[PDB]
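Following: one structure in structure tokens, then a few remarks.
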Ligand SMILES: NCc1cccc(OCc2ccc(Cl)cc2)c1
Ligand SMILES: NCc1cccc(OCc2ccc(Cl)cc2)c1
Ligand SMILES: NCc1cccc(OCc2ccc(Cl)cc2)c1
Ligand SMILES: NCc1cccc(OCc2ccc(Cl)cc2)c1
């Protein structure tokens, strides 16, 4: 078993392992498009001699963190071990090599979407966003008197064919991803892929439509088997008015019984209706996972809540060093120290705090975060909270 | 149709309307026990002449709010309109009369559990706690290395018959309800009712067992139809160690496939496992609803986050007056003013903010809360947040 | 943690652990009746000091093995570890103590029914009978021209109330259990229990009826929820005519769509119909598990197939000694030797061969049985086969 | 209604009846390939005058029987009566004509797969193999310490694309079918068909993969609707090591919850796991059906168990003659006699005994086999048993 960067000849073998590992495998054509996001030396393979029994790679991404700061992010993807080669340490070896290359290349953070919840914790990835599925029984849904855009006169929303308004979707998404923690820059090849998936497939997905507002869009399709369910694949709204206008249009889909969307826990939709309970939480899961590669670069890069006064502490990450951490006026300074630790946690836990999806108090109650000072806990909770709620951009 | 306080002769008629209105109707014997919590003049009935076509009442409760402050609370319950008398304004008339008596009696807050999500908003009740069902597939569940009580030697938890340890359950619950926002004082008659429901019923619920720790208990029973599901009716833990010790015992129920509990969104259970995803969110609903009866008494009574600096604003409640609100050092002063409003909201919205379950920012994005100052929003969010996560005590 | 024989005072604590461990817990009254089958020193408990955190016991049973030989059998039952005390070696300690007492008392075999398939292998128990559920869609079922009892004139079968023909059921079962491998002697207290379970229970099982023939009976009841399914709890037939006559009567239950029974893989029922496929296998599971306590006493006690010629080999049981085994004229002699082993297997594997339910060839193909001689395999398969197919008597 | 051999002009009409009769109809292209296995005069049609209202044919196959003996076998297939022409005796007439041609041509046995269990018994076909579906919950599956290939170092199994290793699959299958009773020689055109079905179909089956060992292969695909189920279409292992190595690889499919396979009752898979119960029997059905065309040629052709001593009897087949049958040293002689019958049975029953899937004792208990001598029964059971368990090759 030898771990080396993959040659051009290995890609057919890598595509075979992919096809056998990923039931949602996007196909060799789509794989070749995402692969334009993989840098030179961004991929490893394990060869049994000979054939590919293991692979892993990272893509060059840009991730928005609290304070509207954009970090270079290594997005791990296409991770597979052959069913013939389990329990041989191949995933551990591939992750150690990519982490070395990611850290040497200067990335402050790595990120992934997890096939299972029990694998990536031990390599330092913490779940950092929360997927929340809402299903609305739109036959009962009535908008609250307070909800925006209840006035008479033309709708600001249009029903359109996605492929004919690419420019407008691109510009609205660019504005969205720069203002929301969890936002990811979407390159042209991923717009090519998204618009190609919006066509109907024989014996597959039905056609996608769009609802378009100057400051937001929704892409939706009727479910392939449940013909009374519309699934919203993506709703991106830059203003509260755009969000409300798009939901009025979706609740106007009078053919449907139910509208479902994978959104975030702080989605205001329920509060737009006279019955908040009509927006039912039907599913909840970890979304994006983060590994903080450089503790001080990551902690100094993001913005913090202005509402907490200046404080200083000492944070130890279990294998990531010990730092004097001073947070004031929305900014952190994070410098080496050998002074006694006031807070300890594993690296994964810092990833789970980093975008504001998990409270320090909640992690402390599980003993994943350790301090003897409950005032310091309250200050950490307040400082790491995100003013703009964390959202999940798109899977990779 | 006449609305009057019910006489002794009306209770059989009220029990008939109850039996026909509530499929979960607790029965005349249990009804007579809860009724010891109803004060003189705490009940109204509507008579068609003659017979009972409408009823409503409140109980004298004690509700813990952020800062460990206990408020006298009017708990509305036993609310029913006859199926013969819909759309005649009976619920509106009964709620106006009880609200008048509740306000004249000096209660700062009223509370209820809602049969439907669309009814109580218009009478000024806002959903103020969130029920979160977690289902654990305990066959995969392994505790994280960091989780407390992983050491060898005797368990601190005992499997017991609930009826033989009443005193210990009472003392642990009393400690729990005083330290948690949403806590309700549980009177002796409700302990009599709880321990009576823990016996098996022929063709009904199976026997309840308890897991007992010095600082917490869990009551559980096997589901009547799904024999591989244990339902935890109630887990009350005063320390993180008690919470972890009780979950180790519940995951030791090797006969079961699944353990379910109705808990709160900040339950640390997921963080205790190596796979956070095993603790699946299977259901989410409003729990306790609050109506703020006296805005200034309620706002001054609760404690606020110490992490936000002193600030002053003007809050208008749509039919509840306008107040100069100054929040500093964890305390509010809330005094009459005719100065221009900086924040407006309906009374229900204030109930939804009051225990920290809903962010002002989330309600503002739905236009349920209106201000032109985004800094004031951030300050309100931070100040109304609860250090101790809001929990739901018991339905009424 | 101390392991000791249980005192009279411990039984309430043992009944509490039982109630919490066994959803099918038969209740304190029934427990007290089965307990008349437990000998002095047949039970162990583990006390945390104080309270019962572990228990296990054996009953005195009589088990029929091939050749119509009846062995004294220790039937393990009522085995439970408290959910508070998992992963502390309590089951291993309780099984070692009972096995010591069972071996010192002179039992050649122990037996149990397994709550799960992965626990008892490591203590030397092998699955030794196979439960096979057949479901017949009786609306299509027609008897083959060859099937016995197709003649005109009175039926030999009567529909009766079980409690009014106890004597006849007892005598037919006594004849059945002595002629079938897997048969268990059923004592009077277990007839008291069986006839008590045949009454309807409010919100529970419906009434049981019997079909009675001079040489067989069936006990059946309509399923509590599926009102078109009759479940046969027990069919005991001493002759092929009794078996066919009883199935003609069961297929005469014209109210039902389906008849189900838990039987054995060699049940001739399918061959009685013109469409063998109507007798559908809906479920298959291990039934009785055996631990051979004394290899030579067990191997010499049972009869062997007369169709295989005399042969000699050397059998090693992994921690059970090495024996010269000579099988001829349906009889084995099994004597100590230090000569080289020709066959090796763990003790559990010998239990799985002992009643003829599993072929040596099948176990050899899994490498659970090891020999270099394929002729010896064929001879072992032929010699351990049972002329009378193995059946499962009743759970304990 | 006239029964005649079909002309070239009739095939479109035969393809129309096929399309309307067989929901699994393989299509005209595939039909044309299987048709290369039909001899001149191997097909009959019934014409209403005019159009095809009935058809039936046989293919030239080679069937392995106990003793590794290969018989020429007439494989009936493509049997259909028009829904317009039921209850007119068309199937009986078509089967009598083909049976005449099959017997005159010199075939000792005919075979088929039955659409229903109640049709072919009366034409002399007995079910002769048993399909057994095992479903493994691979998330719990752990291999027993005794299981082969538990050592460290390279796997002997490779994940491959089926179409790129045709030669290796062909050679492994050829070795398998010659050593296993029920094996069928697979001609080149059926390899062309098998490899064509391994490609993904739009709105149809997903892509098939292979696991390849020097001495075995498995072909599997993810189920089209249940994305956590892998279905093994075919596993052919010549050694126990190949069988164990392939199952280790299949249980390494970490994306799946369940692996299912249609195998035989003696599959050793359950015995490879620490929990035998994880390999659940989810379905059981007759597989291949046999009609013995020439009793003496069939009885003398197959090998018998060497473990039973020489014996002689007289067997009468109900319309198939009476024979002196002498079985000794694994060989039978079967000669005409008018001596009194000691064993009687219909022709279908002999087909059910012929490959060892059904015991004579089991058929005797249903009175499908009649003798007054229970010693002769035991000898027949032992002699007709197959050392190598009967498997089902492929449907036709
Ligand atoms: N989990 C489905 C999903 C969704 C989107 C992208 C995706 O693969 C990304 C990817 C594929 C191939 C390569 Cl070379 C690099 C990256 C998978
Ligand atoms: N929703 C079920 C439920 C649960 C607990 C109490 C309950 O009724 C409370 C109550 C009943 C009767 C009276 Cl006079 C006063 C109060 C209903
Ligand atoms: N698994 C259900 C079942 C069925 C029959 C008997 C049974 O317990 C047997 C038993 C119970 C109590 C005692 Cl002291 C001794 C033996 C359990
Ligand atoms: N039952 C499905 C199935 C599976 C495989 C073959 C098959 O038809 C075989 C066949 C088809 C056409 C002809 Cl001319 C001859 C033979 C049917």
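Residue numbers (the authors' numbering), protein chains in the order written: chain F, 3 to 51, 56 to 402; chain D, 3 to 51, 56 to 402; chain S, 3 to 51, 56 to 402; chain A, 3 to 51, 56 to 402. Heads up, the beta-carbon is just placed ideally off N, CA and C, and yes, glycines get one too.
Query, Result
"Starting from the Cα of residue 101 of chain F, find the closest Cα among F:254, F:81, F:89, F:200 and give me that residue.", "F:81"
"Per DSSP, what kind of secondary structure is residue 20 of chain A in: helix, strand or coil?", "helix"
"Grouping DSSP H, G and I as helix and E and B as strand, with all else coil, what is residue 358 of chain D?", "helix"
"If you measure between the beta carbons of residue 47 of chain S and residue 16 of chain S, is that distance less than 8 Å?", "yes"
"Given residue 397 of chain D, which residues of its chain have a CB within under 6 Å of its CB, disregarding the five upstream and five downstream residues?", "186, 188, 270"
"Among S:284, S:182, S:307, whose alpha-carbon lies nearest the alpha-carbon of residue 291 of chain A?", "S:284"
"Taking contact to mean 3 or more Cβ pairs, one atom from each stretch, closer than 8 Å, check whether the region 262-276 of chain S and the region 90-104 of chain S are in contact.", "no"
"Taking only beta-carbon positions, decide if residue 152 of chain F is within less than 8 Å of chain D.", "yes"
"Going straight from the alpha carbon of residue 119 of chain F to that of residue 209 of chain A, what length do you get?", "28 Å"
"Three-state secondary structure (DSSP) at residue 272 of chain F?", "coil"
"One question on the structure: do residue 402 of chain S and residue 61 of chain S come within less than 8 Å of each other, judged by their Cβ atoms?", "no"
"Entirely within the region 306-393 of chain S and at least 3 residues each: give me those beta strand (DSSP E) ranges in chain order.", "317-323, 327-334, 337-342, 349-351"
"Give the secondary structure of residue 14 of chain A by DSSP, where H, G and I count as helix, E and B as strand, and everything else as coil.", "helix"
"Relative to ligand 1, is the shortest distance from any of its heavy atoms to the C-beta of residue 384 of chain F smaller than 7 Å?", "no"
"What is the rounded straight-line gap between the Cα of residue 113 of chain S and the Cα of residue 400 of chain S?", "20 Å"
"Give every residue of the same chain whose Cβ lies closer than 6 Å to the Cβ of residue 30 of chain D, excluding the five residues on either side of it in the sequence, and list them in chain order.", "17"
"Between residue 123 of chain D and chain F, is the shortest Cβ-Cβ distance under 8 Å, so that the two count as touching?", "yes"
"Return yes when the Cβ of residue 63 of chain A is within less than 8 Å of the Cβ of residue 45 of chain A, no when it is not.", "yes"
"Can residue 283 of chain F be considered in contact with ligand 2, in the sense that its beta carbon sits closer than 7 Å to one or more heavy atoms?", "no"
"Rounding to the nearest angstrom, what Cα-Cα distance links residue 127 of chain A and residue 356 of chain A in this structure?", "11 Å"
"Report the rounded CA-to-CA distance for residue 129 of chain D versus residue 123 of chain D, giving the unit in angstroms.", "12 Å"
"Taking the beta strand (DSSP E) that residue 78 of chain A falls in, what are its first and last residues?", "75-87"
"In the structure shown, what three-state DSSP assignment does residue 173 of chain F receive?", "helix"
"Our contact map puts residue 77 of chain A next to residue 307 of chain A with C-beta atoms below 8 Å; I'd like the distance itself, whole angstroms only.", "6 Å"
"Could you tell me whether the Cβ of residue 209 of chain S comes closer than 8 Å to any Cβ of chain D?", "yes"
"Quick one: does the C-beta of residue 261 of chain D sit closer than 7 Å to a heavy atom of ligand 3?", "no"
"Out of D:316, D:375, D:383, which has the shortest C-alpha to C-alpha gap to residue 336 of chain D?", "D:316"
"Taking the runs of the beta strand (DSSP E) that are 3 residues or longer, which of them lie wholly in the region 86-174 of chain F?", "115-119, 136-143, 164-166"
"Please confirm whether residue 22 of chain S has its beta-carbon closer than 8 Å to some beta-carbon of chain D.", "yes"
"Under the rule that 16 or more other beta-carbon atoms within 10 Å means buried, what is residue 136 of chain A, buried or exposed?", "buried"
"Suppose you measure from the CA of residue 139 of chain F to the CA of residue 173 of chain A; what does that come to, to the nearest Å?", "50 Å"
"Residue 45 of chain A lies in the beta strand (DSSP E); which residues open and close that run?", "45-49"
"Quick check: residue 370 of chain F and residue 359 of chain F, are their CB atoms within less than 8 Å of each other?", "no"
"Using only the alpha-carbon positions, how far apart do residue 7 of chain A and residue 49 of chain A sit?", "11 Å"
"Quick one: is the Cβ of residue 166 of chain F within less than 7 Å of any heavy atom of ligand 6?", "Annotation note on ligand 6: not contained in the displayed structure, which lists ligand 1, ligand 2, ligand 3 and ligand 4 as its ligands."
"Closest to residue 225 of chain A by CA distance: which of A:234, A:75, A:252, A:380 is it?", "A:252"
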